[PDB]
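This text opens with one protein chain seen in two forms, each one given by itself as structure tokens under the names structure 1 and structure 2.
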Structure 1
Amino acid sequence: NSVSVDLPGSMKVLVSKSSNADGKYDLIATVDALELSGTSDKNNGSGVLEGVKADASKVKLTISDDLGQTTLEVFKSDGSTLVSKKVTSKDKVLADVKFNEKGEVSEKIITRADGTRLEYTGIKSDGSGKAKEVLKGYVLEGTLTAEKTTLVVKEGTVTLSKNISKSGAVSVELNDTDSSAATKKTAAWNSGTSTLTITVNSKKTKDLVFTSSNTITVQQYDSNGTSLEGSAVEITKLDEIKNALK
């Protein structure tokens, strides 16, 4: 009878082939080992299913009308306070959220469609916390405030800071405490190309590109300090970022 429907978040739902006397459709799903069930106004697998864990926590699976988004929620046993919320949106991005005993967000892990992650932990009531960005081959560590995420790499007297605004905008800055004008690094950020250009002793040395694919590339300038040379090389480990800051 029933029809299997594929869902975001690596889940499936079975929907009845025909409606009941109220015109409603039956929904069944199994998530891990838990049986969920519900009824829906629609015939395509969308709607709400509910179940209860062995420890009496309430579970709810909400499937959006167009099947683009799924939300999997766990509540305390009276159903009033959230414990966890997993949302897969239609771009296949995953937001994995944990809550404290008061239902306030305490941890949020975002997995981008390409597998890279933003990990926010120890989140406090002012929206501050610890931050990590998990990239292909390396991780960046730092902090979260309500204004921005700041991830830091240090090499010698140079500190590289990657900022992700609350609006999602990336900006990068470099600060060097070297007092010698011969070796001190400075840098300019080009928001139009997401590129940090490093200068030493009044000549450009390197472009660091922070790409839309969540990678970093480095390309050197010629000794003339005005033309790029060669071709950009993709960073594959944290040691290679540090090398670019030497």
Structure 2
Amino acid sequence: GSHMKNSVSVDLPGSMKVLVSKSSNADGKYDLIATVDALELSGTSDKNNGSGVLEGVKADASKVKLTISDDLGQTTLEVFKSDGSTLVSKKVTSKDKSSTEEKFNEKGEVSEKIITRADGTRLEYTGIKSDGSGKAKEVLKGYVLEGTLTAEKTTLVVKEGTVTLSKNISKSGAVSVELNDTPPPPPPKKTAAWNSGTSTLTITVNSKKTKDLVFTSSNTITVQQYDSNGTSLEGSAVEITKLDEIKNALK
């Protein structure tokens, strides 16, 4: 790969290496050389520990820039369009093996982002919108949490029955958790009044009369409905002819 006479090799975060000249040149700057994805990057630095900025040009004229932090604890690898300013990809890697990788839309704005923690768990963001929202996924050991992203926080949601658990992660990385239980409305209870004089059972639900069941001198049962206000009967009484029709009227 990269070769430099009278150089020291420096190991970098992200499984990269930079060669730094043992000697400084006329300006007292040190030469830096690195090969990243088979492209040679080069720069000069005031320092000789391996920190600085290295640059190169892909065969398709894309511009590549590798920035190495002063203490060697972090690398930033950026790929631009040929203009040298519209980002195509960006990966920041720290010595503890955590990292942030971004993909960009055609205008150079972040459209996807993967945060890899030092322990290998990940936050994966896709479909990022200009207001900072998007779809979110937290990849943990043994399982994946799903949710959404806003500008201030990532909200991962687990649902079971009527219970919702929300794990919120601020851009700072602070965690806060909430739980909600929204039980369905209790079904309104049927009550009934019996008028022995008219052999009529009047059912009520939610304080409204719903129907009259008449138990006739002919040993039959009829059902008649009330209007939506429960004010008076509507239509005509219907004689029940099968058991399922009694059950239905009790629904």
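Structure 1 provides the reference sequence; residues are numbered from 1 along it. For the two forms, the rigid core is made up of the largest set of C-alpha atoms that agree within 1.5 Å on superposition.
Among the candidates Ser37, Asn43, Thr197, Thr62, the CA atom that moves 2 angstroms or more between the two structures after core superposition belongs to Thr197 alone.
Comparing the forms between the two structures, the C-alpha position of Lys237 differs by 2 angstroms or more, with the core used for superposition. Annotation for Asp114: C-alpha shift under 2 angstroms between the two structures, rigid core superposed. Superposed on the core, the two forms differ at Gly156: its CA moves 2 Å or more between the two structures.
Taking the core as the reference frame, the CA atom of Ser128 shifts 0.5 angstrom between the two structures.
Core superposition gives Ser212 a CA displacement of 76.1 Å between the two structures.
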